[PDB]
Every structure is written in structure tokens, then in C-alpha cells.
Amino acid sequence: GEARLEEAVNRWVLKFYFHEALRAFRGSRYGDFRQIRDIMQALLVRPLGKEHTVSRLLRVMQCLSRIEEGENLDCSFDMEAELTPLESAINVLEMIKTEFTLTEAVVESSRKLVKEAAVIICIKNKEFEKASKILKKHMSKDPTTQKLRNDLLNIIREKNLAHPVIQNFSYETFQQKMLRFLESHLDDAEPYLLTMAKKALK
């Protein structure tokens, strides 16, 4: 029973920090976001109670974590593969779509965004083969993106980082949209903890 008390608190702490992480992300305060993320990670090895209540929370956190790290290509969230953070972000996106019961129509516009930045970023980075790889595996597919497949494709062989697509690409702009997207499938709140701090910072 001493155990089920810890469980209850750990749940409050996770929810509270998840709340502050979005806040930090929202304010483009990415260092704080990262310190809070690590706290939540250290929190996951502990008894959380029942996983119906933080799994949506947890998935969005995963997506954001991978996105906030997308510019570091040597960083990996995949255990088995050499995946760029944005490739791993796509996979999370997929779990979110499956677990949040959303439709392809609702999700394709964001994931599309993710595919784009994953390639551009490889490109903005002189990593031209990965760029090709990601494009041929994720974008070398749909309809309304051919024009883009073909432009990103040529930008690659010519190494045209001088291209309007590349130069006007803004990751900060990218990040914020992804957060806006992920937020619209999550409640809003005040975590018991934050609510009790005010009830006392009284």
C-alpha cells in the first residue's frame, strides 16, 4: 500500500512535467524542454499505475522529443537502426494515428511536413544520400507531392542548398506547427500538482 501511494504521486509528477515541457516547447525554450524530458525518462522505470492515462501523453512527448532533436543527425532514438530523429518521429506519428484513432486525412498533412523537414535537414546538412534514402522511402510515393519529390530530387544531385525550398525552410517554424498539431488531439489542463501550488502560493 506504501507502493500504491508512490504510484499516485509518480503519475502526478509525470503529468505535471509533461505540462511544463509543452510550455517550454511552446516558448521555443528547448533546453528546458530537454531537461524536463530527461526527468520524465528517469520517471518511466517506476510504477506508473495503469497505462491508459499517460499513453497519449507519452506518445506526444516522444514525437516532440524526436522533433526537438531532429537537427542532430548523429543522434538516434531507434534501438536497432541508424534512424534520424525525424524518421523516428514519423514512426511515433504512426503509433499516435493508430492509438488516437485518427484518419489518414487528419494525419497526412503533418506527417508530410515531417518527411519534408527530414529530407531538407539532411540536405541543409550536406548529407545527400540519406536525403535520397528518406525521400525514396517516404515521399517517393504519394500524389500531390510529385512536384516536390522531383524538386528535392534535383536539389540533391545538384547540391542546390541555394534553392528557395531549402533557404525558406524554417525548423523553428516546423517545430511549432508540429506542436500545434499534436496539441489538438490532447486535452488542456492544469495538473493536480500545478493547481495545488497556486492553492498554496497563496
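All residue numbers refer to positions in the sequence shown, first residue = 1. Throughout, rigid core stands for the largest set of C-alpha atoms superposing within 1.5 Å between the two forms.
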- Item | Rigid core superposition result in 7 other deposited structures of this protein, more deviant of 19 to 27, 187 to 195 by Cα | 187 to 195
- Note on the structure: After superposing on the rigid core, the stretch whose C-alphas lie farther from this form in 7 other deposited structures of this protein, comparing 55 to 63 with 164 to 172, is 164 to 172
- Could you settle it for me: does 132 to 140 or 53 to 61 have the higher average Cα B factor in the PDB entry? 132 to 140
- Item | Per the entry, higher mean C-alpha B factor between 162 to 170 and 29 to 37 | 162 to 170
- Whose CA atom has the top B-factor in the entry, of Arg157, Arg66, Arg46, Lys177? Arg157
- Entry-reported Cα temperature factor of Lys115, expressed as the chain third it lands in: lowest
- Query: Which third of the chain holds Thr103 when residues are ordered by C-alpha B factor: lowest, middle or highest?
  - Reply: middle
- Note on the structure: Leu193: CA B-factor among chain residues, third -> middle
- Message: Please place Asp78 in the lowest, middle or highest third of its chain according to the CA B-factor in the PDB entry.
- Response: middle
- Task: Would you please rank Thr84 by its C-alpha temperature factor against the other modelled residues of its chain and give the third it falls in: lowest, middle or highest?
- Result: lowest
